[PDB]
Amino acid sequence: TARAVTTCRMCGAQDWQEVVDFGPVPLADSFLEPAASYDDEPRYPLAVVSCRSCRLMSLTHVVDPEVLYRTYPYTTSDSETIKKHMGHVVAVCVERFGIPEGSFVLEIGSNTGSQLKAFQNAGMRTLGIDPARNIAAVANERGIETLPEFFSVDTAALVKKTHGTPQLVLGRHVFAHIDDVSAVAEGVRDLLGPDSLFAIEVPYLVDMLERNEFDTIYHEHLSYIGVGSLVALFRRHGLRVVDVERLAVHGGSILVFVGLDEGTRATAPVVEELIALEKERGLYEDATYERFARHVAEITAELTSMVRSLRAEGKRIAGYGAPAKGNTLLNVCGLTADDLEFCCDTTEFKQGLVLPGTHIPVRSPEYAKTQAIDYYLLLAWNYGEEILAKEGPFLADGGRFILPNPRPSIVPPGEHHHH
């Protein structure tokens, strides 16, 4: 039921090195009602391959986007970390490129519309595009105009006709979720004026490799992207990569700016620097990806044995957060409700549900606080700093966290960290 990849999404070649294969795995954002059995739970092959031409890393299969996104789960309350990062995105886009007030900003994958709201607060006109009908209706209700559609060449034309030429087109994380990136590039080209920019924020393949972030591999994430593969793609569609900012968010990301090849925006030197860096760090060599694969095997084994060793000693263990990536981690490690008695999560609709595959219960933070947990496995480790900042009481009582990457570790460490 999920379609197999043939040619490379970015460059069009067909020379794939196998990197890792996790077998059939259930969908990471498909949380389940508790039940006696889960025999009909859908599973899809989860494996990654590396294109030797441009070094896009890609999943072997594309799960149907209508199935994934047409009813996507959301939250109505964004954390201060998320709000701060959304404010920073605005600041970078507007200040780095001198976007005047009253300019038009189009966002692909605009979701609840919070990122657009931040652009409006900075004095911009906005429009969103997001296929999740449930989420789009919420955004529209709040006053953030949103087209309940997938981005395409045809939607691009409808936008230009009714809303004009955007000074900025933004895609936050969504770009790695789209199979037909060639169509996106074409719709963008049509939309862009001479000094318009297309900006995309995606997890950075360099960081993913170096920090062993294999839990970010899940079916929604079709692509795992470095600057090289984006240049290869945009070359073929009259677009030029003009600038890149590296960011610590989501385990290391890149915010990439793209313009018309013959437009006003000059290419900054950082672009070539990052491509040279990617070469230098071995992204074009088979050994690198074989090295990634064994790190994964090593971390997976070590993590499982740590949890089970602590359990055998009579320590109680739970998951902190129930993010999509947590479900890759737990499934790949083969952990069950005997290993983690629950996963706490602040997202209301998740509370009372059960995790895909492992079927571990999801409970509220307020339930979590009634329980004498000794260790929390930090599944939402990309928010480690914000989480640790508010878990003083737990830490003071001798509670500990297990961090899965770069290697498995225990917080707090045995000595003060100052080196």
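A residue's number is simply how far along the shown sequence it sits, counting from 1.
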Which wins on mean Cα temperature factor, 67-75 or 95-103? 67-75
Comparing 344-352 with 114-122, which stretch shows the greater average C-alpha B-factor in the deposited entry? 344-352
Which one of 171, 203, 263, 128 shows the top CA temperature factor in the record? 263
Tell me, please, which of 176, 275, 90, 256 has the highest C-alpha B factor according to the deposited entry? 275
Residue 364's Cα B-factor: lowest, middle or highest third of the chain? lowest
State the tercile, meaning the lowest, middle or highest third, of residue 404 with respect to the CA B-factors recorded for its chain. middle
For residue 25, the third of its chain into which the C-alpha B factor falls: middle
Please place residue 150 in the lowest, middle or highest third of its chain according to the CA B-factor in the PDB entry. middle
Cα B factor band for residue 245 (lowest, middle or highest third within the chain): middle
